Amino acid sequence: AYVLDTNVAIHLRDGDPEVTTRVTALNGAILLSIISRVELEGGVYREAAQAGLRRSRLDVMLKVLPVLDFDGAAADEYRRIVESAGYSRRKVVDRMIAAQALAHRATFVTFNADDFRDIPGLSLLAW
């Protein structure tokens, strides 16, 4: 299984053809973090002129893709991450989503792999 980083999911929502083709090549379950959902939901309403298409396209994504809630098991992984790597205010969201991937033994797919190099045990694919 794969957890898509938020940026990847944004490119899917907004119609980036390079990402839409990459996603069909993944050989496994494709999972979305609820934290990414929060970010995606907010983005719908950032620009009124794009909100109609962002809403409809996000709605189709959220219908199909299974969503990972952020629960105690993920917060336990987050604790282990900061125990090892130290605290980074800038990377909290990053580490929350990575924590969910760790808890669910899933590979994390991201455009920003360098910000995840300090997370022990994480399987990462850089796009």
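Numbering starts at 1 and follows the sequence shown.
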item	value
Given 24-32 and 37-45, the range whose Cα B-factors average higher in the PDB entry	24-32
8-16 set against 101-109, stretch whose average Cα temperature factor tops the other in the entry	8-16
Selection from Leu53, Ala74, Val93, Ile81 [criterion: highest C-alpha temperature factor in the record]	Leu53
Relative C-alpha B-factor of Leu68, binned into the chain's lowest, middle or highest third	lowest
